[PDB]
Amino acid sequence: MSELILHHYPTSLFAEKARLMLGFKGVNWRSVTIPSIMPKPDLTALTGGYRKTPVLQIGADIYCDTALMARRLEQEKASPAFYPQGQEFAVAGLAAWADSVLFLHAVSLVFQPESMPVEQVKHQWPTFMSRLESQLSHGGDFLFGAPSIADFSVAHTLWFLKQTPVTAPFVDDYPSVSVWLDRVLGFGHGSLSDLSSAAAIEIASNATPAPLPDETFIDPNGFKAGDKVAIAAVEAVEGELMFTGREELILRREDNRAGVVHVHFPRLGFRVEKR
Amino acid sequence: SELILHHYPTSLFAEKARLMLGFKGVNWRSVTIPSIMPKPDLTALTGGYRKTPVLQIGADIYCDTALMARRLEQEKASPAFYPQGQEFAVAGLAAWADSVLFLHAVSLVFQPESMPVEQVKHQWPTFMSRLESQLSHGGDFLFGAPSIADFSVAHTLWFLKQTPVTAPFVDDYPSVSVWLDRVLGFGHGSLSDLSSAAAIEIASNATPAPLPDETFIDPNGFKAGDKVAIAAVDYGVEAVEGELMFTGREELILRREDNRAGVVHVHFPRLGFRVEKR
Amino acid sequence: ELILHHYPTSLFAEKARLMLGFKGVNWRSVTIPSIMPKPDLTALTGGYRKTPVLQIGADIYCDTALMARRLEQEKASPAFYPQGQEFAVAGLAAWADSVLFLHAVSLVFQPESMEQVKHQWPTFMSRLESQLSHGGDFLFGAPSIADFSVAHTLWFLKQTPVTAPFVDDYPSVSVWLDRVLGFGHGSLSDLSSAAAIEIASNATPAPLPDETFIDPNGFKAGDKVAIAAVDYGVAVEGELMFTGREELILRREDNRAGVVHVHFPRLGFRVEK
Amino acid sequence: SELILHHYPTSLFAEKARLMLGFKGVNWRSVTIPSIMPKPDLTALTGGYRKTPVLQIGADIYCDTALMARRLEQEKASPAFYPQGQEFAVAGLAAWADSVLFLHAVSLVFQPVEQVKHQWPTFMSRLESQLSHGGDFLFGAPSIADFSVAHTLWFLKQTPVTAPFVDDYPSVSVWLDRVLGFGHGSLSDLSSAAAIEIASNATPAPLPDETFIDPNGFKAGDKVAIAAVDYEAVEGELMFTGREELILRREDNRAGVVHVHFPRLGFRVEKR
């Protein structure tokens, strides 16, 4: 009931970073395969309706957003660190930038007919890569020296390019970049055991949610524990707020199959509204 | 003596060959080629054909996955890519999947929606429903026993599985999805990395295998000893020049001498390749 | 309202399933969890593992044999035990559920075998075929709880193609089997393990049946007893509300479910003070 | 040479061999054994020892699940059945599981039950205790022992009434899911007729390079019969006597020359 459970579609390119993250942490995990097909009732039984995946379940706690997932893992196994001491702000920021701008570029490059506004993406790509090549040319192991969540965010974008002969040069034309990527990819996926989605529900149902964090925080919007709330990504999830924090929001819901569950959201990328 | 595969490891396009190695249960060497042009260690063996994956055994180089299957079949007969009594039917189905089916699958995936298509979208359900109808009967594989055809069909589906948006193109037919996992489950076999340079040396030290004893009269009058170029019909640019050593029902063999790799025999199928006198 | 707790996937639960269809009732189905811990069930049950288990309100009925009898009470027709054939029907059914069934699981689970199960089996089948050869609808002419017991084992065999021939090779048998399976599972609606509990704490147990019994072991209501299954017991503490010819009843207090009555048949259950 | 397993698909006992194949990850061919007798096709290969499952590679036939593991180990080394430096401890635990634990489980499922039930909790609590430490497998790295134990538990759970014996000790489930997680691997059907032909066409593998003095004096070239200890003896020429193995040559009308492999343990060798 305290096992790390990942809800994902195993063949998806988009889910690769989460698996790599587990690989980096060297942990055992349970793999729950989710449907490509709508709807995904077994999944929303845990989520309350949030369907972007991967999702991480530990017992009766559900964690939404890979970015949040990274932090939760950090609580689970400190070492090696996603966020190395003294670089916390810098790492997160680079990681967020990669997750947005870099990722967008990479996917636009790959998913177009020539691989069998894109023009602006092509136009911008070289500056990003040349800058990466330049930093790497100095022989550092990782972007921040020591490995961090930022490597995975950048590495994930590059993984798409490596998929086809046509897109591979976008990474490969810069040699230093290529060696670095193999190093991040070399982390693996950890060790996984298949789990049914049915069982996953049963585990949540049996289990009791973890104790809330002791952090004291004043919500800039005056949201407080006990408030009835809905949270949505920028399918909203309805529930009772249990916590407001610098990094997370926790909401409580009861499900007919899964029972009482706590769903975690990061502040960033999510909006909270009253009801 | 070792089987050597020259490929790009992360390429979706090279998956079928890897599965082929898995089905055979053979141990092979993996040579990781460059995405970037040109590919000198590769053309050192090929003579400039650059479509991979490519199969090397000693100083014999095999081009085209369709040919590769037959060479494999020679190396390990069972389990068979072409089951007895179903040979023509299997080859034809694979050829169809390799072209028509593959084309649809790639069109669907490599479009912006995933991050003439309309015709492809219109067509796709006809193929999938048919496949679903056959599988619903509980047959393990397309022809009873497994075949090169399962792989050819499976390879196309593998592209769809890559994306959440495209996965329903497979997942909507349950029988297909089960079958697909079975085909993918043969895996890639057992590999050890081999450097590209090491591969050239192996060719140099090796000597090309004896030619087939088959007797055939070429349709176009080509004969052993003619000076020839061979090119893929699609990609006339990378023609390969040499001395025709064998012309056969399934095969053309050409001898060339490379400054690094030495004397080498390069094998091409009749299908998809053109022979020009030189 | 009628609820079954079972494993919908389990081959073993088919019999309880066929029973409801035959009575044609509407029931609510609580799936029993695949993972190991099954507290959702045990709160009602108080410790009895084996399924299916039948719940009405605050009364839990353990053992399908008993279940058939409570069913009989709930809707009388068609009867599980036809009038004037009651003993014979119970016996054959008990024989099938024990001997015939055990042979069938063995044939499946232990096909390498030769008491020699494979050696025995043809005798049972040739006998069934002969009786059936007479155009009988059902084993006792009217349909019986007995037909289900026999049918269930045969169906189990047919679920795997290798074992099918054990059934399939007897032709008259096949027809009869289909007629039995025709009853289907009736009509069901899903229900939470959670919901069921609320009904237990919410509801009150039905009134005790009233018959006078001299319990052979001097067991009388208000004694504190543990009731345990003889074959696979690991017991259920409680207080004996009732000791009867067909039933024994236990009251227990459960924190989630509060006060409930558990019903056990006399056969296969041991009582202790 | 392909890996061929002849087995009863529904047999609960046959699952251990199936699991072993999956752990190894080497694709295999599946020949179903008919529930009927005669089984002229299997017998042709083994000479009648009918205990199954059986592993066939060409003209070499391996009997006994423990022997199979060693043969598989030779075929592909990793992941190992017998991790280096733990080999004896692993073999012994596995043998113990194969006998005492498995026998307890069969008793519960199909039937000294009281003694069995009385005993079982000791084994299970001991297993929970080791498992609570959070190690991945029984010897750390996965081993043959994990399957032998896991197999008996899976067996228990095949029928609902007996599942509580596993279920009642919840700590074991995480390790159990993980062992069972390996699966059966990649299998495709092969007909018994086709299997016989594979044997007929093949020639037995080279004998092992081992010098050994047989304790009872048997020698290569001796003519013998080999039987299970509690039992139907196949008759032949003793090709090899070794520390783990005895190899028997026999000839069959359809099969042709075939080599049958037996472990020393559990088999009696007679000068016959």
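Just so we're on the same page: letters track the sequence lines, and every chain starts at 1. Every heavy atom of this structure was used, including side-chain atoms; hydrogens, water molecules and symmetry mates were not.
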Over 12 non-hydrogen atoms of neighbours within 6.0 angstrom of CZ in A:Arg183: yes

Within 6.0 angstrom of B:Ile36 CD1, more than 12 heavy atoms from elsewhere: yes

Atom pair OG1 (A:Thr164) and CG (B:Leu12), whose distance is rounded to the nearest 0.5 Å: 7.5 Å

Considering all heavy atoms, the nearest A:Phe111-B:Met115 contact: CB-CE, 3.7 Å

Heavy-atom pairs under 4.5 Å with chain A, option from B:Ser35, B:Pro164, B:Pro112 with the top count: B:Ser35

Contact summary for A:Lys162 and B:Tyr8, nearest pair of heavy atoms: CE-OH, 2.8 Å

Distance (rounded to the nearest 0.5 Å) between B:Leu157 CG and A:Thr11 OG1: 11.0 Å

Best-contacting candidate, A:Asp172, A:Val107, A:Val166, A:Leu185, against chain B by heavy atom pairs under 4.5 angstrom: A:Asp172

Atom pairs and distances, donor-acceptor, side-chain atoms in residues 92-101 of chain A, under 3.5 Å, two or more places apart:
residue	atom	partner	partner atom	Å
A:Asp99	OD2	A:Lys17	NZ	3.3
A:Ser100	OG	A:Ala96	O	2.5
A:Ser100	OG	A:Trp97	O	3.2

